[PDB]
Amino acid sequence: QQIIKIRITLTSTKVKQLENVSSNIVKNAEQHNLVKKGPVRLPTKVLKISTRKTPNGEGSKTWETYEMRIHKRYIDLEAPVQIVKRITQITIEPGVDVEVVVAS
Amino acid sequence: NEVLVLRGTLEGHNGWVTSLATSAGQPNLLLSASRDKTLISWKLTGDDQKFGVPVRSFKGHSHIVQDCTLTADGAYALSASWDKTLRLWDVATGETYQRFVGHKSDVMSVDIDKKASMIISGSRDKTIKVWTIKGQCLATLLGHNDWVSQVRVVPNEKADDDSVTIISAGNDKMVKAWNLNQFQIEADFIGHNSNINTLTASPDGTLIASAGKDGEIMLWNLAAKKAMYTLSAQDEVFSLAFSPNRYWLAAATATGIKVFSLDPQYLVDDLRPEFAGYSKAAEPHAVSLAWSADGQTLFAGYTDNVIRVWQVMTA
Amino acid sequence: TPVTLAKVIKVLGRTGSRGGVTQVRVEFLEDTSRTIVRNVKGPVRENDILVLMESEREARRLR
Amino acid sequence: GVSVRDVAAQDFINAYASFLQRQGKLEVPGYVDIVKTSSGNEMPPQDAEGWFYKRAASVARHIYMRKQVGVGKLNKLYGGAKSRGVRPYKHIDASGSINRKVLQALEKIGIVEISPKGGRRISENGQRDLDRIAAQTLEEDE
Amino acid sequence: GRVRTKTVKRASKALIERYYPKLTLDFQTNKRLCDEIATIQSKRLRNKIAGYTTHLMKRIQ
Amino acid sequence: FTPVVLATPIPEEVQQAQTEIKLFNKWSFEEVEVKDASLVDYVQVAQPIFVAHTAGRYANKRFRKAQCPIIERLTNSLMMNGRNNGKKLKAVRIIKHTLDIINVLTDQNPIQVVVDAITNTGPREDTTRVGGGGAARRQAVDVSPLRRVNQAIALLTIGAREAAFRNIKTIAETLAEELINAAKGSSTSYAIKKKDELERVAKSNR
Amino acid sequence: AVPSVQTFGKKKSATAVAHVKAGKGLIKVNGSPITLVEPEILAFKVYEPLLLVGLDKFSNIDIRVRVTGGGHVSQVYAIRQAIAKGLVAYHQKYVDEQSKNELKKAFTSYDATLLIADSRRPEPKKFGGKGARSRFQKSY
RNA sequence: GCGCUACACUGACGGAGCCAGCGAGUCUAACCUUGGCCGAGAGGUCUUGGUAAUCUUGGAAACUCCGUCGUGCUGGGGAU
RNA sequence: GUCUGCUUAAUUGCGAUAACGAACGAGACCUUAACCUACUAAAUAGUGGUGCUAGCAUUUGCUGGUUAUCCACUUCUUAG
């Protein structure tokens, strides 16, 4: 029955798939009822690459500021080798990264 | 005879007075309502200056209060507001027993039966919802298609069976009286010419008023359910008031207070005094009224930010 | 050196090239009903007590 | 009852300075009159003296105020900018040396100590020796 | 400035026709209402329609 | 007369001084007034600064320059000479000095002789550049009194500034060497030796 | 019990934390009471609010004000707001309600910050020129 | 043409108070360095941590402090 | 159509109109600075309580030191 205290660490470029996954997350895990926290929500990094517009000195001095704003996002979750694996497999998706930095 | 004389007020709030409440068990223990997100507790000491000590604010919602119903005991004040609640306040103190949440559109009400239990509240989602003295619903009634405006308690001397009765309101232009225990069906008020923005009740179980955006005040019985005394009061009342045991009406018609006198059928006494630097369309027109619980003290309330309580005394 | 303190009533219209001049009536505070129309230089209002040792030049409207 | 805090930021300075001038124990390292502290000061300290006994109450009040720190910390603190001259004025980090040696001399009596995580923490004495001498600098104010 | 616009006026001037009666000047009771009626873009746009309307019922009377 | 006995003795010297009383508890702003009719209305005597700093939203509203405490449109000027530019705390550690070197030299109510270096130091009969052509006249017209006091502080700062300037005198001893001699004004100062020098370029053009 | 109520402070950058409890006298700022001000010319900034009112009231009311953010004069209003702020958070949750109206008509009079923190922003910078509304040199 | 310090006592010198924010950073090798010593100093170094909200790194200057300098091209100026 | 006029940071909009209704620009949108005593978590953020504890008071108090003594917190500080 070996217990493990996992920690769930997410990141994307859309606030709309992403929020989706700690609604699914923390209600595809309170179905499971797990001992967990609520979607912690980490300082928004947010890169601004100044660049001039022109192809050639010429031409006024005419500049840009395009950037990726991630929303970093993490979680928690206990549960054995069986019911963290059935959870990590499920949320499954476009835009997004899931780590399972495990705490054995 | 009764020359009604116009006295010292109790001024205090920054927004706009929008209810007010008859204390209903310690008639001092005034307890007043708001717009700017509190409830200034005013004593009636009474002793003259201040007519009578603004001793607990209570702060907030996030948004505007449309009500503040006292309990059957009268030291536990029940909120509402435009951010979709309740928040039961302690008259004595600054506190939130039970956030009652759940509505969608802006509470318009609040009231409590004769034992302090199966509470109600209207809405704009166009219901109703009971929330017992816990954030919990008995059920969520849906017979109306509208903004159901206001609901009241009635204060029963056929000594109460126990399967009781309450009421409601109003752009569908109708009332409807919901057993407060198992929301059955009883009669409605057909007819009117636009918004039912209020109603009221008897101080024994056999009187009521509704009212006006048309002009007319269409009167009751509940224990006859038959349509009555049809008056004609031009602008609107926003803000109705039974004396408790006299037979005097009080409602704030813009313009009067029209005391109409619900026995015979007369205009006794219109209070539009006092007034200083206005362009009409500035009067600073009411929005809540009451009759001392024990029934004199009219606690006449107005926009502005000055309550103006105005009792009836001698000829 | 005789100082006649004159009160501004009616601020009139803007003048000068660079808007350095308002026009100005004035009510003589210290001989009310006299109501002469001089000029002044400032960012004015009605009630700017105004100061003249030159009683009186009455002035005409400057490009 | 009687604090190091309850008392000012240069009376404790000059009244631990004339305590650690008149202690003799304090030792006094061999590049501590000449040598320029800081290299943008031209002027070393205008005392030449027991700045070392005025840097022995600074350092020390400075520790205790916080947890721990030093020598590449009292390195960002004591200096200021630079005199670059012509070149728009510029920070310069002192010389770890003198207070890398009062921090190993304070180590001696029982005033300053080495905080586990490590580096300078005042001991358990030490503090005893700053709450004795913040109450002897409170009565030149009283 | 503070100078009103078409999209806005011509949205209140269409409205003011039907809904003079629900009609008001506490404009914070129109604001709500002015959604149940129009099918508006925005929150800002909407707060500038009813602003105008209240400039109708404050002068109509 | 009642010392609070609170550990933290927060003064019984700056408790009897500013409990009994309002105002900066060195100078008492308490039976000190203004003696002219024109520069009342447009020179605050004082709303209480108990120090000589308000954020200061004084130029949005076209008027409030008025509402502005005199003492803090002064520290305001000094604000220069460019190198200091920015430094207010050097400019109040300097005029919190000035008010002691007027009290000390005269023996006056020095916050009043601060005010009498206002109305006296104001140019009334003033000129303007009529455009006008290649050459014309500076139609001579008496500023509102608004503008006047704008100048009455502006003037005073451009002549007690050269006086420290290769000078043994630390603006604290030239500012109070200007206001005592500028109210008695005299002409040992710089206003009553330009103020008069603008009356005196106008009295002709006029 | 503890009776504690309590607040923050905010002027252009940082915060304080007025833990306004029930004790005997104290007013600790930064681990250093207010007699011990910090940039000691402005010193009179915080000294107005103890007296702007009875040094009477604050004997009861104990403020351990921790002070972080925001160069020295920033926070000066941040710790001013917060002793008043709560002046009415004590005089709101605890000491009545007209004691917030007797106050705020005292405390509203300097009609300043004190109560309501500053609004003004630093303007963003741009391209080309250096503090804010500056445009680079000109040519011909 | 773009720029730095200064013509002062509203400053220059000094103790004694003594305060942020944008960064960065060593790997296949020497980037940050304290601490504790040696140097008047500039520094030297032993040794230490740190692939960094984890170390140097919580102590930057205008300033309040307490004054010397006293109208002396100085005790402004800092060229050569 | 894209205009006399009044309107704006703006062909930005009411209105006048053999002219009706659309595209690009602008604006909408993206970056960051502000706010959330509601959520979600933090021995790489800090609280009290807790000892261990080092001083002044002795009046219970006041001033500390402690990357674990433990925990409990999450205003703070980070940030979804």
# chains A, B, ... in the order shown; residues from 1 in each chain; ligands from 1

$ select_by_dssp --residues "segment 85-151 of chain F" --states "helix (DSSP H, G or I)" --output "ChimeraX atom specification"
/F:95-98,110-115,146-151

$ write_last_selection --atoms "C-alpha atoms" --output "mmCIF file, in the first residue's frame"
data_model
loop_
_atom_site.group_PDB
_atom_site.id
_atom_site.type_symbol
_atom_site.label_atom_id
_atom_site.label_comp_id
_atom_site.auth_asym_id
_atom_site.auth_seq_id
_atom_site.Cartn_x
_atom_site.Cartn_y
_atom_site.Cartn_z
ATOM 1 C CA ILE F 95 14.943 77.176 5.277
ATOM 2 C CA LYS F 96 14.430 75.426 8.567
ATOM 3 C CA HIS F 97 17.678 77.315 9.221
ATOM 4 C CA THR F 98 16.498 80.617 7.620
ATOM 5 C CA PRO F 110 10.104 85.494 11.911
ATOM 6 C CA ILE F 111 7.403 83.494 10.093
ATOM 7 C CA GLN F 112 5.709 86.950 9.720
ATOM 8 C CA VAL F 113 8.875 88.668 8.395
ATOM 9 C CA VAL F 114 8.883 85.645 6.116
ATOM 10 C CA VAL F 115 5.373 86.848 5.031
ATOM 11 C CA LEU F 146 -1.641 85.642 -9.200
ATOM 12 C CA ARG F 147 1.452 85.942 -11.486
ATOM 13 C CA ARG F 148 2.628 88.900 -8.766
ATOM 14 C CA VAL F 149 3.812 86.481 -6.060
ATOM 15 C CA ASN F 150 5.107 84.002 -8.680
ATOM 16 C CA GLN F 151 7.743 86.666 -9.258
#

$ residues_around --residues "residue 232 of chain B" --least-positions-apart "5" --cutoff "9 Å" --atoms "only C-alpha atoms (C1' of nucleotides)" --output "ChimeraX atom specification"
/B:215-218

$ residues_around --residues "residue 16 of chain C" --least-positions-apart "3" --cutoff "10 Å" --atoms "only C-alpha atoms (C1' of nucleotides)" --output "ChimeraX atom specification"
/C:19-23,61-63 /F:128-132,139

$ closest_residue --among "G:126, G:57, G:93, G:66" --to "residue 79 of chain G" --atoms "only C-alpha atoms"
G:66

$ interface_residues --of "chain F" --to "chain G" --cutoff "10 Å" --atoms "only C-alpha atoms" --output "short mmCIF file (atom, residue, chain, number, x, y, z; two decimals) with N, CA, C and O atoms, in the first residue's frame"
data_model
loop_
_atom_site.label_atom_id
_atom_site.label_comp_id
_atom_site.auth_asym_id
_atom_site.auth_seq_id
_atom_site.Cartn_x
_atom_site.Cartn_y
_atom_site.Cartn_z
N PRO F 3 1.72 64.63 32.06
CA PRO F 3 2.62 63.67 31.39
C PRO F 3 2.26 62.21 31.71
O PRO F 3 3.14 61.37 31.88
N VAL F 4 1.75 62.03 28.44
CA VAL F 4 1.43 60.64 28.80
C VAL F 4 2.49 59.66 29.35
O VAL F 4 3.58 59.53 28.79
N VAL F 5 2.15 58.97 30.45
CA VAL F 5 2.95 57.85 30.99
C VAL F 5 2.50 56.53 30.32
O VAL F 5 1.63 55.81 30.83
N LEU F 6 3.12 56.23 29.17
CA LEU F 6 2.76 55.09 28.31
C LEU F 6 2.53 53.79 29.11
O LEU F 6 1.38 53.36 29.33
N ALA F 7 8.98 52.00 29.15
CA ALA F 7 9.30 51.33 27.89
C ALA F 7 9.64 52.36 26.81
O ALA F 7 10.82 52.58 26.52
N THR F 8 8.61 52.99 26.23
CA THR F 8 8.79 54.04 25.20
C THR F 8 8.39 55.45 25.71
O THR F 8 7.23 55.86 25.56
N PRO F 9 9.35 56.19 26.32
CA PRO F 9 9.08 57.61 26.60
C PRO F 9 9.14 58.46 25.32
O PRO F 9 10.19 59.02 24.98
N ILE F 10 8.01 58.53 24.60
CA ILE F 10 7.84 59.44 23.45
C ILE F 10 7.56 60.84 24.03
O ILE F 10 6.57 61.02 24.74
N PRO F 11 8.43 61.83 23.72
CA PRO F 11 8.63 62.99 24.60
C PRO F 11 7.70 63.69 25.66
O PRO F 11 6.47 63.68 25.48
N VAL F 14 8.22 67.30 23.58
CA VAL F 14 7.54 67.40 22.29
C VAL F 14 6.33 66.44 22.37
O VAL F 14 6.13 65.57 21.52
N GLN F 15 5.52 66.63 23.42
CA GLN F 15 4.49 65.67 23.87
C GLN F 15 3.18 65.81 23.10
O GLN F 15 2.47 64.82 22.89
N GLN F 18 3.43 70.52 22.14
CA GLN F 18 2.52 70.33 21.01
C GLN F 18 1.26 69.47 21.27
O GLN F 18 0.58 69.07 20.31
N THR F 19 0.92 69.20 22.54
CA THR F 19 -0.34 68.49 22.86
C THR F 19 -1.55 69.36 22.54
O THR F 19 -2.21 69.18 21.51
N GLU F 20 -0.53 71.03 25.74
CA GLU F 20 -0.74 72.42 25.35
C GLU F 20 0.52 73.01 24.72
O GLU F 20 0.42 73.78 23.71
N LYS F 22 -2.15 74.56 16.70
CA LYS F 22 -1.33 73.44 16.24
C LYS F 22 0.06 73.98 15.88
O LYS F 22 0.64 74.69 16.71
N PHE F 24 4.18 74.02 13.57
CA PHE F 24 5.61 73.68 13.81
C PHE F 24 6.06 74.26 15.17
O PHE F 24 6.25 75.47 15.30
N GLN F 47 -1.97 76.68 6.71
CA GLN F 47 -2.27 75.39 7.30
C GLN F 47 -1.14 74.52 7.86
O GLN F 47 -0.37 73.92 7.11
N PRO F 48 -1.02 74.48 9.19
CA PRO F 48 -0.08 73.73 10.03
C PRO F 48 1.13 72.79 9.75
O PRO F 48 1.06 71.61 10.11
N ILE F 49 2.20 73.30 9.14
CA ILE F 49 3.41 72.48 8.91
C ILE F 49 4.70 73.19 9.36
O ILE F 49 4.86 74.40 9.19
N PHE F 50 1.23 70.04 12.71
CA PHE F 50 2.59 70.13 13.25
C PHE F 50 3.60 69.69 12.19
O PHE F 50 4.22 70.53 11.53
N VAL F 51 5.43 69.30 9.01
CA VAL F 51 6.66 70.08 9.15
C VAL F 51 6.92 70.84 7.85
O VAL F 51 6.37 70.50 6.80
N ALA F 52 7.76 71.86 7.93
CA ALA F 52 8.08 72.70 6.78
C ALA F 52 8.79 71.89 5.69
O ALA F 52 8.20 71.51 4.67
N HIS F 53 5.67 68.54 4.57
CA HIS F 53 5.81 68.12 3.18
C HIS F 53 4.48 67.61 2.61
O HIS F 53 4.02 66.52 2.96
N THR F 54 3.87 68.41 1.74
CA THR F 54 2.69 68.00 0.97
C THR F 54 2.99 68.20 -0.52
O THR F 54 4.15 68.15 -0.95
N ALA F 55 2.20 64.77 -0.69
CA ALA F 55 2.77 64.51 -2.00
C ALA F 55 2.96 65.82 -2.77
O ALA F 55 4.07 66.15 -3.18
N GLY F 56 1.86 66.55 -2.96
CA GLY F 56 1.88 67.84 -3.64
C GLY F 56 1.31 67.77 -5.04
O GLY F 56 2.06 67.71 -6.01
N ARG F 57 -0.02 67.78 -5.14
CA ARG F 57 -0.73 67.67 -6.42
C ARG F 57 -1.17 69.08 -6.87
O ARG F 57 -2.34 69.32 -7.19
N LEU F 89 15.30 67.78 0.62
CA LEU F 89 15.80 67.54 2.00
C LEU F 89 17.10 68.32 2.32
O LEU F 89 17.45 68.48 3.49
N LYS F 90 17.81 68.80 1.29
CA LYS F 90 18.88 69.78 1.51
C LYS F 90 18.24 71.17 1.58
O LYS F 90 18.60 72.00 2.41
N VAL F 92 15.31 71.28 3.36
CA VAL F 92 14.51 71.72 4.49
C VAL F 92 15.22 71.36 5.83
O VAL F 92 14.66 71.58 6.91
N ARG F 93 16.46 70.85 5.75
CA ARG F 93 17.20 70.38 6.94
C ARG F 93 17.58 71.54 7.86
O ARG F 93 17.92 72.64 7.41
N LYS F 96 14.45 75.66 7.12
CA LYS F 96 14.43 75.43 8.57
C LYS F 96 15.58 76.01 9.41
O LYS F 96 15.52 76.09 10.64
#

$ residues_around --residues "residue 31 of chain D" --least-positions-apart "5" --cutoff "12 Å" --atoms "only C-alpha atoms (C1' of nucleotides)" --output "list in words"
residues 36, 37, 44, 48, 49, 52, 95, 97, 98 and 101 of chain D; 37, 38, 39, 40, 41, 43 and 44 of chain H

$ write_last_selection --atoms "C-alpha atoms (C1' of nucleotides)" --output "PDB file, in the first residue's frame"
ATOM      1  CA  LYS D  36      43.731  52.309   2.257  1.00  0.00           C
ATOM      2  CA  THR D  37      40.902  50.286   3.934  1.00  0.00           C
ATOM      3  CA  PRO D  44      42.219  56.152   4.123  1.00  0.00           C
ATOM      4  CA  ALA D  48      44.363  56.328  11.548  1.00  0.00           C
ATOM      5  CA  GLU D  49      43.302  54.871  14.887  1.00  0.00           C
ATOM      6  CA  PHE D  52      40.056  49.715  13.325  1.00  0.00           C
ATOM      7  CA  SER D  95      39.319  44.442   1.155  1.00  0.00           C
ATOM      8  CA  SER D  97      40.848  41.709   5.366  1.00  0.00           C
ATOM      9  CA  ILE D  98      40.206  43.832   8.501  1.00  0.00           C
ATOM     10  CA  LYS D 101      40.060  40.063  11.163  1.00  0.00           C
TER      11      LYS D 101
ATOM     12  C1'   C H  37      44.533  36.814   8.752  1.00  0.00           C
ATOM     13  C1'   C H  38      48.864  39.937   5.955  1.00  0.00           C
ATOM     14  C1'   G H  39      48.799  45.499   3.616  1.00  0.00           C
ATOM     15  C1'   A H  40      48.426  53.221   5.723  1.00  0.00           C
ATOM     16  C1'   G H  41      46.519  51.995   1.103  1.00  0.00           C
ATOM     17  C1'   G H  43      45.871  44.955  -2.411  1.00  0.00           C
ATOM     18  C1'   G H  44      47.721  39.950  -1.204  1.00  0.00           C
TER      19        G H  44
END

$ residues_around --residues "residue 77 of chain F" --least-positions-apart "5" --cutoff "10 Å" --atoms "only C-alpha atoms (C1' of nucleotides)" --output "list in words"
residues 91, 150, 153, 154, 155, 156, 157 and 158 of chain F

$ select_by_dssp --residues "chain C" --states "strand (DSSP E or B)" --output "ChimeraX atom specification"
/C:4-7,27-28,50-52

$ interface_residues --of "chain A" --to "chain I" --cutoff "8 Å" --atoms "only C-alpha atoms (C1' of nucleotides)" --output "list in words"
residues 37, 38, 39, 40, 41, 42, 43, 44, 48, 65, 66, 67, 71, 72, 73, 74 and 75 of chain A

$ write_last_selection --atoms "C-alpha atoms" --output "compact mmCIF listing (two decimals), in the first residue's frame"
# COMPACT_ATOMS: atom_id res chain seq x y z
CA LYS A 37 -3.60 21.55 -1.93
CA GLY A 38 -5.04 24.03 -4.48
CA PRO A 39 -3.50 25.24 -7.80
CA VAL A 40 -0.65 27.43 -6.64
CA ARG A 41 -0.19 30.31 -8.96
CA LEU A 42 3.70 31.07 -9.72
CA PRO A 43 4.94 34.65 -10.34
CA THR A 44 4.22 35.76 -13.92
CA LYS A 48 10.55 41.20 -24.35
CA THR A 65 8.44 43.98 -27.53
CA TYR A 66 7.03 40.61 -28.60
CA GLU A 67 6.83 38.14 -25.71
CA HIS A 71 0.91 31.28 -16.55
CA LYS A 72 4.19 29.71 -14.38
CA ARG A 73 1.56 27.48 -12.69
CA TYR A 74 1.76 23.90 -9.30
CA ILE A 75 -0.22 21.20 -7.29

$ interface_residues --of "chain E" --to "chain B" --cutoff "8 Å" --atoms "only C-alpha atoms" --output "JSON, numbers by chain"
{"E": [21, 22, 58, 61]}

$ write_last_selection --atoms "N, CA, C and O atoms" --output "compact mmCIF listing (two decimals), in the first residue's frame"
# COMPACT_ATOMS: atom_id res chain seq x y z
N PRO E 21 -40.60 53.26 -20.70
CA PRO E 21 -40.95 52.44 -19.55
C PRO E 21 -40.09 51.18 -19.50
O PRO E 21 -39.73 50.63 -20.54
N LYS E 22 -40.40 48.30 -15.89
CA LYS E 22 -38.98 47.99 -16.05
C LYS E 22 -38.17 48.56 -14.89
O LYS E 22 -38.48 49.62 -14.35
N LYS E 58 -32.12 63.00 -17.88
CA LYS E 58 -32.23 64.01 -16.84
C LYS E 58 -32.83 65.31 -17.38
O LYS E 58 -33.03 66.26 -16.63
N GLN E 61 -38.01 65.05 -18.48
CA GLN E 61 -39.01 65.47 -17.48
C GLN E 61 -39.64 66.83 -17.78
O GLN E 61 -40.83 66.92 -18.08

$ interface_residues --of "chain H" --to "chain G" --cutoff "8 Å" --atoms "only C-alpha atoms (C1' of nucleotides)" --output "list in words"
residues 19, 20, 21, 63, 64 and 65 of chain H

$ atom_distance --atom1 "atom CA of residue 1 of chain C" --atom2 "atom CA of residue 188 of chain F"
22.3 Å

$ closest_atom_pairs --of "chain E" --to "chain I" --cutoff "6 Å" --atoms "only C-alpha atoms (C1' of nucleotides)" --output "JSON lines"
{"residue": "E:3", "atom": "CA", "partner": "I:7", "partner_atom": "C1'", "distance": 5.9}
{"residue": "E:5", "atom": "CA", "partner": "I:13", "partner_atom": "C1'", "distance": 4.0}
{"residue": "E:6", "atom": "CA", "partner": "I:14", "partner_atom": "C1'", "distance": 4.1}

$ atom_distance --atom1 "atom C1' of residue 70 of chain H" --atom2 "atom CA of residue 168 of chain F"
5.2 Å

$ interface_residues --of "chain A" --to "chain G" --cutoff "12 Å" --atoms "only C-alpha atoms" --output "ChimeraX atom specification"
/A:50-52,60-65

$ write_last_selection --atoms "N, CA and C atoms" --output "PDB file, in the first residue's frame"
ATOM      1  N   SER A  50      13.951  43.965 -27.075  1.00  0.00           N
ATOM      2  CA  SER A  50      13.837  45.126 -27.949  1.00  0.00           C
ATOM      3  C   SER A  50      14.543  44.832 -29.277  1.00  0.00           C
ATOM      4  N   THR A  51      13.830  45.045 -30.385  1.00  0.00           N
ATOM      5  CA  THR A  51      14.325  44.713 -31.723  1.00  0.00           C
ATOM      6  C   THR A  51      13.784  45.656 -32.791  1.00  0.00           C
ATOM      7  N   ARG A  52      15.911  46.822 -34.273  1.00  0.00           N
ATOM      8  CA  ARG A  52      14.814  47.695 -34.679  1.00  0.00           C
ATOM      9  C   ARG A  52      13.890  46.984 -35.663  1.00  0.00           C
ATOM     10  N   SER A  60      14.113  56.409 -39.242  1.00  0.00           N
ATOM     11  CA  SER A  60      14.072  56.951 -37.878  1.00  0.00           C
ATOM     12  C   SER A  60      14.481  55.918 -36.820  1.00  0.00           C
ATOM     13  N   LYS A  61      14.878  56.417 -35.651  1.00  0.00           N
ATOM     14  CA  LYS A  61      15.428  55.584 -34.582  1.00  0.00           C
ATOM     15  C   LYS A  61      14.334  55.216 -33.580  1.00  0.00           C
ATOM     16  N   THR A  62      12.177  51.230 -35.085  1.00  0.00           N
ATOM     17  CA  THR A  62      11.436  52.487 -34.998  1.00  0.00           C
ATOM     18  C   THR A  62       9.977  52.250 -34.613  1.00  0.00           C
ATOM     19  N   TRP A  63      11.057  51.355 -32.419  1.00  0.00           N
ATOM     20  CA  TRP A  63      11.487  49.980 -32.246  1.00  0.00           C
ATOM     21  C   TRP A  63      10.240  49.129 -32.003  1.00  0.00           C
ATOM     22  N   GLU A  64      10.435  47.838 -31.754  1.00  0.00           N
ATOM     23  CA  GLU A  64       9.325  46.957 -31.410  1.00  0.00           C
ATOM     24  C   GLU A  64       8.831  47.226 -29.987  1.00  0.00           C
ATOM     25  N   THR A  65       9.139  44.403 -28.733  1.00  0.00           N
ATOM     26  CA  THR A  65       8.440  43.979 -27.533  1.00  0.00           C
ATOM     27  C   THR A  65       7.372  42.922 -27.861  1.00  0.00           C
TER      28      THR A  65
END

$ closest_residue --among "F:200, F:193, F:166, F:124" --to "residue 7 of chain H" --atoms "only C-alpha atoms (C1' of nucleotides)"
F:166

$ residues_around --residues "residue 169 of chain B" --least-positions-apart "6" --cutoff "10 Å" --atoms "only C-alpha atoms (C1' of nucleotides)" --output "PyMOL selection string"
chain B and resi 122+144+146-152+175-177+188-189+195-199+210

$ interface_residues --of "chain D" --to "chain I" --cutoff "7 Å" --atoms "only C-alpha atoms (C1' of nucleotides)" --output "PyMOL selection string"
chain D and resi 1-3+117+123-125+127-129+131-132+135

$ atom_distance --atom1 "atom CA of residue 91 of chain D" --atom2 "atom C1' of residue 10 of chain H"
27.8 Å

$ closest_atom_pairs --of "chain G" --to "chain B" --cutoff "7 Å" --atoms "only C-alpha atoms" --output "tab-separated table"
residue	atom	partner	partner_atom	distance
G:92	CA	B:57	CA	6.8
G:93	CA	B:94	CA	5.6
G:96	CA	B:55	CA	5.3
G:97	CA	B:57	CA	5.4
G:98	CA	B:54	CA	5.4
